[PDB]
$ cat protein.pdb   # PDB, C-alpha atoms and all ligand atoms
ATOM      1  CA  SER A   1     297.289 -59.932 138.379
ATOM      2  CA  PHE A   2     299.972 -57.967 140.312
ATOM      3  CA  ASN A   3     299.298 -54.251 140.353
ATOM      4  CA  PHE A   4     299.432 -51.355 138.212
ATOM      5  CA  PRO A   5     297.352 -53.132 136.010
ATOM      6  CA  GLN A   6     300.039 -55.806 135.990
ATOM      7  CA  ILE A   7     303.580 -56.981 136.747
ATOM      8  CA  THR A   8     303.452 -60.730 135.963
ATOM      9  CA  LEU A   9     301.828 -59.922 132.544
ATOM     10  CA  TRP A  10     298.631 -61.960 133.006
ATOM     11  CA  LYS A  11     296.694 -58.805 131.968
ATOM     12  CA  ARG A  12     297.854 -56.132 129.583
ATOM     13  CA  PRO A  13     300.356 -53.774 131.330
ATOM     14  CA  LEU A  14     298.180 -50.707 131.049
ATOM     15  CA  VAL A  15     299.003 -47.458 132.824
ATOM     16  CA  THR A  16     297.661 -43.905 132.928
ATOM     17  CA  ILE A  17     299.797 -41.286 131.205
ATOM     18  CA  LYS A  18     299.434 -37.498 131.294
ATOM     19  CA  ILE A  19     300.373 -35.522 128.230
ATOM     20  CA  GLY A  20     299.277 -31.978 127.255
ATOM     21  CA  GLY A  21     297.516 -32.043 130.634
ATOM     22  CA  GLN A  22     295.185 -34.790 129.535
ATOM     23  CA  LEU A  23     294.998 -38.311 130.924
ATOM     24  CA  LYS A  24     295.137 -41.264 128.563
ATOM     25  CA  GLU A  25     295.522 -45.025 128.866
ATOM     26  CA  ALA A  26     298.708 -46.526 127.365
ATOM     27  CA  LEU A  27     300.423 -49.919 127.101
ATOM     28  CA  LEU A  28     303.962 -50.460 128.423
ATOM     29  CA  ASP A  29     305.476 -52.113 125.345
ATOM     30  CA  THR A  30     308.959 -53.601 125.370
ATOM     31  CA  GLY A  31     308.537 -54.646 121.719
ATOM     32  CA  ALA A  32     308.144 -50.960 120.657
ATOM     33  CA  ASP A  33     311.291 -48.968 119.912
ATOM     34  CA  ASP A  34     309.322 -45.724 120.009
ATOM     35  CA  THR A  35     306.332 -44.259 121.871
ATOM     36  CA  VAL A  36     303.239 -43.833 119.643
ATOM     37  CA  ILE A  37     300.012 -42.047 120.735
ATOM     38  CA  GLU A  38     296.681 -41.398 119.038
ATOM     39  CA  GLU A  39     295.978 -38.092 117.335
ATOM     40  CA  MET A  40     296.297 -35.057 119.618
ATOM     41  CA  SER A  41     297.869 -31.582 119.570
ATOM     42  CA  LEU A  42     301.410 -31.175 120.841
ATOM     43  CA  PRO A  43     303.516 -28.040 120.934
ATOM     44  CA  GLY A  44     306.523 -27.253 118.807
ATOM     45  CA  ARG A  45     307.810 -28.541 115.563
ATOM     46  CA  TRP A  46     307.322 -32.009 114.169
ATOM     47  CA  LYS A  47     308.607 -34.160 111.340
ATOM     48  CA  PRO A  48     306.901 -36.987 109.441
ATOM     49  CA  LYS A  49     308.117 -40.534 109.897
ATOM     50  CA  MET A  50     306.797 -43.912 108.843
ATOM     51  CA  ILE A  51     307.040 -46.769 111.292
ATOM     52  CA  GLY A  52     306.215 -50.411 110.614
ATOM     53  CA  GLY A  53     304.599 -53.057 112.729
ATOM     54  CA  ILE A  54     302.727 -56.283 112.154
ATOM     55  CA  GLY A  55     300.139 -55.280 109.205
ATOM     56  CA  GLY A  56     302.509 -52.808 107.534
ATOM     57  CA  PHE A  57     303.344 -49.116 107.933
ATOM     58  CA  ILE A  58     301.698 -45.943 109.133
ATOM     59  CA  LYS A  59     302.798 -42.332 108.805
ATOM     60  CA  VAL A  60     303.275 -40.563 112.128
ATOM     61  CA  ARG A  61     304.354 -37.095 113.277
ATOM     62  CA  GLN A  62     307.470 -37.006 115.374
ATOM     63  CA  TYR A  63     307.599 -34.489 118.245
ATOM     64  CA  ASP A  64     310.838 -34.263 120.280
ATOM     65  CA  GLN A  65     311.368 -33.189 123.904
ATOM     66  CA  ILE A  66     307.727 -33.624 124.947
ATOM     67  CA  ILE A  67     306.924 -33.727 128.665
ATOM     68  CA  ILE A  68     304.874 -36.818 129.531
ATOM     69  CA  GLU A  69     304.135 -38.454 132.892
ATOM     70  CA  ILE A  70     303.805 -42.279 132.845
ATOM     71  CA  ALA A  71     302.348 -44.054 135.867
ATOM     72  CA  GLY A  72     303.472 -41.054 137.895
ATOM     73  CA  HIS A  73     307.023 -41.019 136.475
ATOM     74  CA  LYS A  74     308.215 -37.916 134.616
ATOM     75  CA  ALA A  75     309.749 -38.362 131.217
ATOM     76  CA  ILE A  76     310.806 -35.857 128.507
ATOM     77  CA  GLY A  77     311.403 -37.338 125.077
ATOM     78  CA  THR A  78     310.119 -38.223 121.642
ATOM     79  CA  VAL A  79     306.415 -38.875 121.038
ATOM     80  CA  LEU A  80     305.141 -40.158 117.688
ATOM     81  CA  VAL A  81     301.504 -39.193 116.929
ATOM     82  CA  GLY A  82     299.390 -41.149 114.437
ATOM     83  CA  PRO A  83     296.743 -43.814 113.822
ATOM     84  CA  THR A  84     297.857 -46.438 116.251
ATOM     85  CA  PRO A  85     295.178 -48.817 117.551
ATOM     86  CA  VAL A  86     296.538 -48.426 121.120
ATOM     87  CA  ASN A  87     298.637 -45.741 122.899
ATOM     88  CA  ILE A  88     302.069 -47.400 123.246
ATOM     89  CA  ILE A  89     304.940 -46.499 125.601
ATOM     90  CA  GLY A  90     308.086 -47.774 123.841
ATOM     91  CA  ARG A  91     311.677 -48.301 124.965
ATOM     92  CA  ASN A  92     312.693 -44.654 124.425
ATOM     93  CA  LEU A  93     310.564 -43.692 127.465
ATOM     94  CA  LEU A  94     310.547 -47.028 129.335
ATOM     95  CA  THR A  95     314.261 -46.459 129.888
ATOM     96  CA  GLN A  96     313.629 -42.948 131.212
ATOM     97  CA  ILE A  97     311.233 -44.194 133.899
ATOM     98  CA  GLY A  98     313.595 -47.043 134.848
ATOM     99  CA  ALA A  99     311.472 -49.926 133.637
ATOM    100  CA  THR A 100     313.192 -53.284 133.339
ATOM    101  CA  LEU A 101     312.134 -56.714 132.212
ATOM    102  CA  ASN A 102     313.187 -59.310 134.731
ATOM    103  CA  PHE A 103     313.042 -63.105 134.530
TER     104      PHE A 103
ATOM    105  CA  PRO B   5     317.537 -62.188 134.939
ATOM    106  CA  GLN B   6     317.209 -58.436 134.421
ATOM    107  CA  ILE B   7     316.900 -57.139 130.881
ATOM    108  CA  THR B   8     317.490 -53.476 130.279
ATOM    109  CA  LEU B   9     315.679 -51.870 127.438
ATOM    110  CA  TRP B  10     318.441 -49.741 126.076
ATOM    111  CA  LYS B  11     318.379 -52.151 123.043
ATOM    112  CA  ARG B  12     315.684 -54.479 121.702
ATOM    113  CA  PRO B  13     315.129 -57.373 124.176
ATOM    114  CA  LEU B  14     316.069 -60.134 121.792
ATOM    115  CA  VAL B  15     316.458 -63.823 122.800
ATOM    116  CA  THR B  16     317.069 -67.131 121.082
ATOM    117  CA  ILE B  17     314.184 -69.549 121.003
ATOM    118  CA  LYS B  18     313.877 -73.211 120.048
ATOM    119  CA  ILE B  19     310.615 -74.092 118.319
ATOM    120  CA  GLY B  20     309.704 -76.925 116.008
ATOM    121  CA  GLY B  21     313.282 -78.158 116.199
ATOM    122  CA  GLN B  22     314.745 -74.889 114.902
ATOM    123  CA  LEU B  23     316.510 -71.949 116.556
ATOM    124  CA  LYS B  24     315.195 -68.444 115.926
ATOM    125  CA  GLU B  25     315.692 -64.955 117.264
ATOM    126  CA  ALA B  26     312.666 -63.337 118.914
ATOM    127  CA  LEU B  27     311.594 -60.159 120.651
ATOM    128  CA  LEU B  28     310.253 -60.268 124.235
ATOM    129  CA  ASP B  29     307.164 -58.117 123.755
ATOM    130  CA  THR B  30     304.963 -57.023 126.659
ATOM    131  CA  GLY B  31     302.740 -55.148 124.159
ATOM    132  CA  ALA B  32     301.784 -58.421 122.367
ATOM    133  CA  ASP B  33     298.929 -60.558 123.772
ATOM    134  CA  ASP B  34     299.975 -63.481 121.623
ATOM    135  CA  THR B  35     303.224 -65.077 120.328
ATOM    136  CA  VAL B  36     303.644 -64.631 116.547
ATOM    137  CA  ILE B  37     306.414 -66.369 114.584
ATOM    138  CA  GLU B  38     307.433 -66.002 110.899
ATOM    139  CA  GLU B  39     306.326 -68.654 108.445
ATOM    140  CA  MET B  40     307.414 -72.152 109.458
ATOM    141  CA  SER B  41     305.871 -75.621 109.731
ATOM    142  CA  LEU B  42     304.556 -76.878 113.085
ATOM    143  CA  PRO B  43     303.028 -80.275 113.793
ATOM    144  CA  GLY B  44     299.387 -80.992 114.464
ATOM    145  CA  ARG B  45     296.148 -79.138 113.870
ATOM    146  CA  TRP B  46     295.661 -75.428 113.274
ATOM    147  CA  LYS B  47     292.903 -72.915 112.556
ATOM    148  CA  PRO B  48     292.986 -69.585 110.719
ATOM    149  CA  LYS B  49     293.020 -66.341 112.710
ATOM    150  CA  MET B  50     293.334 -62.614 111.953
ATOM    151  CA  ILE B  51     295.518 -60.452 114.228
ATOM    152  CA  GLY B  52     295.834 -56.706 114.218
ATOM    153  CA  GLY B  53     298.767 -54.431 114.973
ATOM    154  CA  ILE B  54     299.997 -51.030 113.717
ATOM    155  CA  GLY B  55     299.367 -51.030 110.509
ATOM    156  CA  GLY B  56     296.343 -53.374 110.226
ATOM    157  CA  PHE B  57     295.684 -57.105 110.201
ATOM    158  CA  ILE B  58     297.469 -60.209 108.984
ATOM    159  CA  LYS B  59     296.145 -63.743 108.598
ATOM    160  CA  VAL B  60     297.920 -66.364 110.691
ATOM    161  CA  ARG B  61     297.681 -70.070 111.525
ATOM    162  CA  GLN B  62     296.867 -70.754 115.185
ATOM    163  CA  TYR B  63     298.623 -73.831 116.676
ATOM    164  CA  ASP B  64     297.757 -74.824 120.228
ATOM    165  CA  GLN B  65     299.837 -76.644 122.825
ATOM    166  CA  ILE B  66     303.179 -75.970 121.188
ATOM    167  CA  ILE B  67     306.257 -76.430 123.340
ATOM    168  CA  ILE B  68     308.951 -73.786 123.063
ATOM    169  CA  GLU B  69     312.288 -73.063 124.692
ATOM    170  CA  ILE B  70     312.832 -69.306 125.290
ATOM    171  CA  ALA B  71     316.314 -68.294 126.400
ATOM    172  CA  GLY B  72     316.652 -71.757 128.022
ATOM    173  CA  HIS B  73     313.220 -71.986 129.721
ATOM    174  CA  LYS B  74     310.699 -74.536 128.384
ATOM    175  CA  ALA B  75     307.096 -73.410 128.047
ATOM    176  CA  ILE B  76     303.875 -74.470 126.332
ATOM    177  CA  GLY B  77     301.139 -72.462 124.713
ATOM    178  CA  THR B  78     299.519 -71.151 121.545
ATOM    179  CA  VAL B  79     301.783 -70.013 118.704
ATOM    180  CA  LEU B  80     300.477 -67.955 115.752
ATOM    181  CA  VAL B  81     302.387 -68.411 112.480
ATOM    182  CA  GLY B  82     302.285 -65.915 109.642
ATOM    183  CA  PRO B  83     303.897 -62.970 107.815
ATOM    184  CA  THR B  84     305.023 -61.006 110.866
ATOM    185  CA  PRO B  85     308.129 -58.842 110.203
ATOM    186  CA  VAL B  86     309.661 -59.866 113.568
ATOM    187  CA  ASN B  87     309.288 -63.037 115.736
ATOM    188  CA  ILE B  88     307.544 -61.876 118.911
ATOM    189  CA  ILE B  89     307.130 -63.643 122.221
ATOM    190  CA  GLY B  90     303.850 -62.314 123.653
ATOM    191  CA  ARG B  91     302.393 -62.353 127.157
ATOM    192  CA  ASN B  92     300.846 -65.824 126.668
ATOM    193  CA  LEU B  93     304.362 -67.268 126.908
ATOM    194  CA  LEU B  94     306.192 -64.490 128.815
ATOM    195  CA  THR B  95     304.101 -65.453 131.777
ATOM    196  CA  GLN B  96     305.339 -69.049 131.501
ATOM    197  CA  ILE B  97     309.035 -68.068 131.842
ATOM    198  CA  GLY B  98     308.264 -65.856 134.824
ATOM    199  CA  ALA B  99     308.896 -62.567 133.026
ATOM    200  CA  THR B 100     307.930 -59.448 134.953
ATOM    201  CA  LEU B 101     307.945 -55.746 134.135
ATOM    202  CA  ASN B 102     309.178 -53.623 137.029
ATOM    203  CA  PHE B 103     309.635 -49.879 137.563
TER     204      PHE B 103
HETATM  205  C1  LIG A 201     300.990 -52.561 118.491
HETATM  206  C2  LIG A 201     300.859 -53.486 119.704
HETATM  207  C3  LIG A 201     299.564 -53.159 120.477
HETATM  208  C4  LIG A 201     300.856 -54.972 119.327
HETATM  209  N1  LIG A 201     302.010 -55.362 118.568
HETATM  210  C5  LIG A 201     303.181 -55.738 119.324
HETATM  211  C6  LIG A 201     304.191 -54.596 119.354
HETATM  212  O1  LIG A 201     305.079 -54.836 120.447
HETATM  213  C7  LIG A 201     304.973 -54.408 118.059
HETATM  214  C8  LIG A 201     305.994 -55.515 117.798
HETATM  215  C9  LIG A 201     306.660 -55.380 116.419
HETATM  216  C10 LIG A 201     308.021 -55.115 116.313
HETATM  217  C11 LIG A 201     308.618 -54.945 115.062
HETATM  218  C12 LIG A 201     307.852 -55.106 113.914
HETATM  219  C13 LIG A 201     306.498 -55.418 114.009
HETATM  220  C14 LIG A 201     305.905 -55.545 115.255
HETATM  221  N2  LIG A 201     305.683 -53.137 118.100
HETATM  222  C15 LIG A 201     305.516 -52.094 117.282
HETATM  223  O2  LIG A 201     304.662 -52.019 116.398
HETATM  224  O3  LIG A 201     306.432 -51.095 117.477
HETATM  225  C16 LIG A 201     306.448 -50.077 116.488
HETATM  226  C17 LIG A 201     306.698 -48.740 117.207
HETATM  227  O4  LIG A 201     308.085 -48.817 117.549
HETATM  228  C18 LIG A 201     308.762 -49.452 116.458
HETATM  229  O5  LIG A 201     309.714 -50.421 116.896
HETATM  230  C19 LIG A 201     309.095 -51.684 116.844
HETATM  231  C20 LIG A 201     308.268 -51.615 115.540
HETATM  232  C21 LIG A 201     307.717 -50.184 115.643
HETATM  233  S1  LIG A 201     301.743 -56.316 117.275
HETATM  234  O6  LIG A 201     303.084 -56.676 116.686
HETATM  235  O7  LIG A 201     301.004 -55.503 116.258
HETATM  236  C22 LIG A 201     300.881 -57.762 117.746
HETATM  237  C23 LIG A 201     299.507 -57.940 117.600
HETATM  238  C24 LIG A 201     298.860 -59.119 117.993
HETATM  239  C25 LIG A 201     299.614 -60.154 118.549
HETATM  240  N3  LIG A 201     298.667 -61.272 118.870
HETATM  241  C26 LIG A 201     300.977 -59.980 118.695
HETATM  242  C27 LIG A 201     301.605 -58.807 118.302
HETATM  243 CL    CL A 202     299.090 -45.957 136.211
HETATM  244 CL    CL A 203     313.305 -40.107 123.382
HETATM  245 CL    CL A 204     298.603 -69.821 125.326
HETATM  246 NA    NA A 205     298.394 -78.526 118.619
END
$ encode --input "protein.pdb" --output "C-alpha cells"
Amino acid sequence: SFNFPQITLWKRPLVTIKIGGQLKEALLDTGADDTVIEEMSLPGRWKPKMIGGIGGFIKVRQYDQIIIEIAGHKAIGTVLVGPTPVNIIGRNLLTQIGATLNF
Amino acid sequence: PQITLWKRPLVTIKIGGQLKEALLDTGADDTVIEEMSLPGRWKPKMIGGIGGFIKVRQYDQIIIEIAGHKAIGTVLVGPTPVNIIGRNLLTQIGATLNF
C-alpha cells in the first residue's frame, strides 16, 4: 500500500540497503533485536554468536561499526551475517534511522 | 500512539479469554501465539523463520484485543518462543512504520 514498499503494513516493509557497496533487499523488522544479513564479506574483525528465532538457532558472525545505508538513511552499527532466510533490519539500526511504530 | 524501538515493542493482548504479552512484529506476515486452546475449527500449517520451520494450528476469524484495540483475523498457534503480532493484525489496529 503506502510507499516505500509500505507504511500501513499491507505488504512486507521491504527497502533497499547498501552495504559493502552492494545493493540488497531487506525487511524492516521491529520484532528483531539485531540486524541479520545473508552471507557476504565485511571488513574488520568478527565474533561468533548464536541467535534464536521461531524454528531454533543459527550461528552468525557479528561485525561491529559497519557502515550501511537503509532506504537512503546512513547507519553505522552491528551487522550479524549468517543463514537467515531474509535480510532483516532490526531495532539496533531502526533506531539509528529514526524509525518509529505509530498507532 | 508512537512506539520507539529502543526496547522490544511489547504489548498486552487478550485472546481466548486470557491475557498475554506479545511483540509487535513488522517482520512477521502472520500472528503466532504460544500453545493455547482456541475455539472452532483449525488446520495444520508449517511456518518458517530463522532457524527453520515449526508446525502450527491455523485458526481463522479469531477476535483479539491488542493494547486495547479489538481486531479479527487468523491466529497461528504453536511452539513459538515469543508471542508475535504479525502484519495480518497490525494492519487492523492501524499500526504504521514511519521514518
Ligand atoms: C525472520 C522473520 C522474516 C520472520 N520472523 C519474525 C521475526 O520478527 C522474529 C520474531 C522472533 C522474536 C523472538 C524469538 C523468535 C522470533 N525475529 C527474529 O528472529 O529476530 C532474531 C534476530 O534478532 C533477535 O531478536 C529477536 C529474535 C532474534 S518469524 O518469527 O520467524 C515468523 C515467521 C512466520 C510468521 N508467520 C511469523 C513470524
Ligand atoms: Cl528503499
Ligand atoms: Cl548497533
Ligand atoms: Cl488474517
Ligand atoms: Na475459526
$ residues_near_ligand --input "protein.pdb" --ligand "ligand CL 202 (chain A)" --cutoff "10 Å" --atoms "only C-alpha atoms and all ligand atoms" --output "PyMOL selection string"
chain A and resi 3-6+13-18+24-26+69-73
$ resolve_selection --input "protein.pdb" --expression "the PyMOL selection byres (((not hetatm)) within 6 of (chain A and resi 203))" --output "list in words"
residues 77, 78 and 92 of chain A
$ residues_near_ligand --input "protein.pdb" --ligand "ligand NA 205 (chain A)" --cutoff "12 Å" --atoms "only C-alpha atoms and all ligand atoms" --output "NGL selection string"
:B and (20 or 41-47 or 61-67 or 76-80)
$ atom_distance --input "protein.pdb" --atom1 "CA of residue 61 (chain A)" --atom2 "CA of residue 38 (chain B)"
29.2 Å
$ atom_distance --input "protein.pdb" --atom1 "CA of residue 28 (chain A)" --atom2 "CA of residue 76 (chain A)"
16.1 Å
$ residues_around --input "protein.pdb" --residues "residue 100 (chain A)" --least-positions-apart "6" --cutoff "12 Å" --atoms "all atoms listed in the file" --output "mmCIF file with C-alpha atoms, in the coordinates of the input"
data_model
loop_
_atom_site.group_PDB
_atom_site.id
_atom_site.type_symbol
_atom_site.label_atom_id
_atom_site.label_comp_id
_atom_site.auth_asym_id
_atom_site.auth_seq_id
_atom_site.Cartn_x
_atom_site.Cartn_y
_atom_site.Cartn_z
ATOM 1 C CA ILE A 7 303.580 -56.981 136.747
ATOM 2 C CA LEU A 28 303.962 -50.460 128.423
ATOM 3 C CA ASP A 29 305.476 -52.113 125.345
ATOM 4 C CA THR A 30 308.959 -53.601 125.370
ATOM 5 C CA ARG A 91 311.677 -48.301 124.965
ATOM 6 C CA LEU A 93 310.564 -43.692 127.465
ATOM 7 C CA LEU A 94 310.547 -47.028 129.335
ATOM 8 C CA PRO B 5 317.537 -62.188 134.939
ATOM 9 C CA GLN B 6 317.209 -58.436 134.421
ATOM 10 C CA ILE B 7 316.900 -57.139 130.881
ATOM 11 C CA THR B 8 317.490 -53.476 130.279
ATOM 12 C CA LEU B 9 315.679 -51.870 127.438
ATOM 13 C CA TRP B 10 318.441 -49.741 126.076
ATOM 14 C CA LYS B 11 318.379 -52.151 123.043
ATOM 15 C CA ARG B 12 315.684 -54.479 121.702
ATOM 16 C CA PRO B 13 315.129 -57.373 124.176
ATOM 17 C CA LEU B 28 310.253 -60.268 124.235
ATOM 18 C CA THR B 30 304.963 -57.023 126.659
ATOM 19 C CA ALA B 99 308.896 -62.567 133.026
ATOM 20 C CA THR B 100 307.930 -59.448 134.953
ATOM 21 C CA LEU B 101 307.945 -55.746 134.135
ATOM 22 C CA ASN B 102 309.178 -53.623 137.029
ATOM 23 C CA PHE B 103 309.635 -49.879 137.563
#
$ residues_around --input "protein.pdb" --residues "residue 80 (chain A)" --least-positions-apart "4" --cutoff "12 Å" --atoms "all atoms listed in the file" --output "ChimeraX atom specification"
/A:32-42,46-51,58-66,84,87-90,92-93
$ write_last_selection --input "protein.pdb" --atoms "C-alpha atoms" --output "PDB file, in the frame of the given file"
ATOM      1  CA  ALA A  32     308.144 -50.960 120.657  1.00  0.00           C
ATOM      2  CA  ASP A  33     311.291 -48.968 119.912  1.00  0.00           C
ATOM      3  CA  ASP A  34     309.322 -45.724 120.009  1.00  0.00           C
ATOM      4  CA  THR A  35     306.332 -44.259 121.871  1.00  0.00           C
ATOM      5  CA  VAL A  36     303.239 -43.833 119.643  1.00  0.00           C
ATOM      6  CA  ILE A  37     300.012 -42.047 120.735  1.00  0.00           C
ATOM      7  CA  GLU A  38     296.681 -41.398 119.038  1.00  0.00           C
ATOM      8  CA  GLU A  39     295.978 -38.092 117.335  1.00  0.00           C
ATOM      9  CA  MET A  40     296.297 -35.057 119.618  1.00  0.00           C
ATOM     10  CA  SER A  41     297.869 -31.582 119.570  1.00  0.00           C
ATOM     11  CA  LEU A  42     301.410 -31.175 120.841  1.00  0.00           C
ATOM     12  CA  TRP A  46     307.322 -32.009 114.169  1.00  0.00           C
ATOM     13  CA  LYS A  47     308.607 -34.160 111.340  1.00  0.00           C
ATOM     14  CA  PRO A  48     306.901 -36.987 109.441  1.00  0.00           C
ATOM     15  CA  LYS A  49     308.117 -40.534 109.897  1.00  0.00           C
ATOM     16  CA  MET A  50     306.797 -43.912 108.843  1.00  0.00           C
ATOM     17  CA  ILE A  51     307.040 -46.769 111.292  1.00  0.00           C
ATOM     18  CA  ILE A  58     301.698 -45.943 109.133  1.00  0.00           C
ATOM     19  CA  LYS A  59     302.798 -42.332 108.805  1.00  0.00           C
ATOM     20  CA  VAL A  60     303.275 -40.563 112.128  1.00  0.00           C
ATOM     21  CA  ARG A  61     304.354 -37.095 113.277  1.00  0.00           C
ATOM     22  CA  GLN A  62     307.470 -37.006 115.374  1.00  0.00           C
ATOM     23  CA  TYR A  63     307.599 -34.489 118.245  1.00  0.00           C
ATOM     24  CA  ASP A  64     310.838 -34.263 120.280  1.00  0.00           C
ATOM     25  CA  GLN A  65     311.368 -33.189 123.904  1.00  0.00           C
ATOM     26  CA  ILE A  66     307.727 -33.624 124.947  1.00  0.00           C
ATOM     27  CA  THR A  84     297.857 -46.438 116.251  1.00  0.00           C
ATOM     28  CA  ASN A  87     298.637 -45.741 122.899  1.00  0.00           C
ATOM     29  CA  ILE A  88     302.069 -47.400 123.246  1.00  0.00           C
ATOM     30  CA  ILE A  89     304.940 -46.499 125.601  1.00  0.00           C
ATOM     31  CA  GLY A  90     308.086 -47.774 123.841  1.00  0.00           C
ATOM     32  CA  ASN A  92     312.693 -44.654 124.425  1.00  0.00           C
ATOM     33  CA  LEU A  93     310.564 -43.692 127.465  1.00  0.00           C
TER      34      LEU A  93
END
$ interface_residues --input "protein.pdb" --of "chain A" --to "chain B" --cutoff "7 Å" --atoms "only C-alpha atoms" --output "JSON, numbers by chain"
{"A": [7, 8, 9, 10, 27, 28, 29, 30, 31, 52, 53, 54, 55, 56, 57, 58, 84, 85, 91, 95, 97, 98, 99, 100, 101, 102, 103]}
$ write_last_selection --input "protein.pdb" --atoms "C-alpha atoms" --output "CSV table (one decimal), in the frame of the given file"
chain,number,residue,atom,x,y,z
A,7,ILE,CA,303.6,-57.0,136.7
A,8,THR,CA,303.5,-60.7,136.0
A,9,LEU,CA,301.8,-59.9,132.5
A,10,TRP,CA,298.6,-62.0,133.0
A,27,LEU,CA,300.4,-49.9,127.1
A,28,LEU,CA,304.0,-50.5,128.4
A,29,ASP,CA,305.5,-52.1,125.3
A,30,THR,CA,309.0,-53.6,125.4
A,31,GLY,CA,308.5,-54.6,121.7
A,52,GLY,CA,306.2,-50.4,110.6
A,53,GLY,CA,304.6,-53.1,112.7
A,54,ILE,CA,302.7,-56.3,112.2
A,55,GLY,CA,300.1,-55.3,109.2
A,56,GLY,CA,302.5,-52.8,107.5
A,57,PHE,CA,303.3,-49.1,107.9
A,58,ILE,CA,301.7,-45.9,109.1
A,84,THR,CA,297.9,-46.4,116.3
A,85,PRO,CA,295.2,-48.8,117.6
A,91,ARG,CA,311.7,-48.3,125.0
A,95,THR,CA,314.3,-46.5,129.9
A,97,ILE,CA,311.2,-44.2,133.9
A,98,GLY,CA,313.6,-47.0,134.8
A,99,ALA,CA,311.5,-49.9,133.6
A,100,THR,CA,313.2,-53.3,133.3
A,101,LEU,CA,312.1,-56.7,132.2
A,102,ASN,CA,313.2,-59.3,134.7
A,103,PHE,CA,313.0,-63.1,134.5
$ atom_distance --input "protein.pdb" --atom1 "atom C27 of ligand LIG 201 (chain A)" --atom2 "CA of residue 25 (chain B)"
15.4 Å
$ axis_aligned_box --input "protein.pdb" --around "region 8-25 of chain B" --padding-each-side "4 Å" --output "JSON"
{"center_x": 314.1, "center_y": -63.9, "center_z": 122.6, "size_x": 16.7, "size_y": 36.4, "size_z": 23.4}
$ closest_residue --input "protein.pdb" --among "B:75, B:26, B:40, B:68" --to "ligand LIG 201 (chain A)" --atoms "all atoms listed in the file"
B:26
$ closest_residue --input "protein.pdb" --among "A:23, A:12, A:68, A:43" --to "ligand LIG 201 (chain A)" --atoms "only C-alpha atoms and all ligand atoms"
A:12
$ residues_around --input "protein.pdb" --residues "residue 70 (chain B)" --least-positions-apart "4" --cutoff "7 Å" --atoms "all atoms listed in the file" --output "mmCIF file with C-alpha atoms, in the coordinates of the input"
data_model
loop_
_atom_site.group_PDB
_atom_site.id
_atom_site.type_symbol
_atom_site.label_atom_id
_atom_site.label_comp_id
_atom_site.auth_asym_id
_atom_site.auth_seq_id
_atom_site.Cartn_x
_atom_site.Cartn_y
_atom_site.Cartn_z
ATOM 1 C CA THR B 16 317.069 -67.131 121.082
ATOM 2 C CA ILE B 17 314.184 -69.549 121.003
ATOM 3 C CA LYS B 18 313.877 -73.211 120.048
ATOM 4 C CA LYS B 74 310.699 -74.536 128.384
#
